[PDB]
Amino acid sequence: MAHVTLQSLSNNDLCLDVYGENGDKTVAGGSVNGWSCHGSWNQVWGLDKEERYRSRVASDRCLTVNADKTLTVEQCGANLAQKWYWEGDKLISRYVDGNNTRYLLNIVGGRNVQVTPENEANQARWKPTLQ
């Protein structure tokens, strides 16, 4: 499995980053957001066979769309909220809800990263860069 950083092409310096909770980057449920690119383990990801982006912070930590559209790392499972696919420079969630929309990895406000409905996603360009 190929390990990558996920760098925004919509901001001159922002990578997808596991913040964690209270200093601990390895915890299940740890927050994921944007940070300046440095390429440490908490900015490294790998796309597995089940379309999940696994973080290098620890075993069994997958990138997860939450109900309020924020991102965390969680135990890896079958839910579409953990499945991701690329179309060009767009990184798209398989998450479904009642809105009839695809949700895209997106910077919404300043440097805050979440998923955003396709028709609203103004800063949604990304590049997977081999580590």
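In case it trips you up, residue 1 is the first one in the sequence shown, and so on.
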Greater mean Cα temperature factor according to the PDB record, 72-80 or 24-32: 24-32
Mean C-alpha temperature factor, higher of 14-22 and 113-121: 14-22
Deposited CA B-factor, highest of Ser93, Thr64, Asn106, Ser40: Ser40
Third of the chain, ranked by Cα B-factor, where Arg102 sits: lowest
Third of the chain, ranked by Cα B-factor, where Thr5 sits: middle
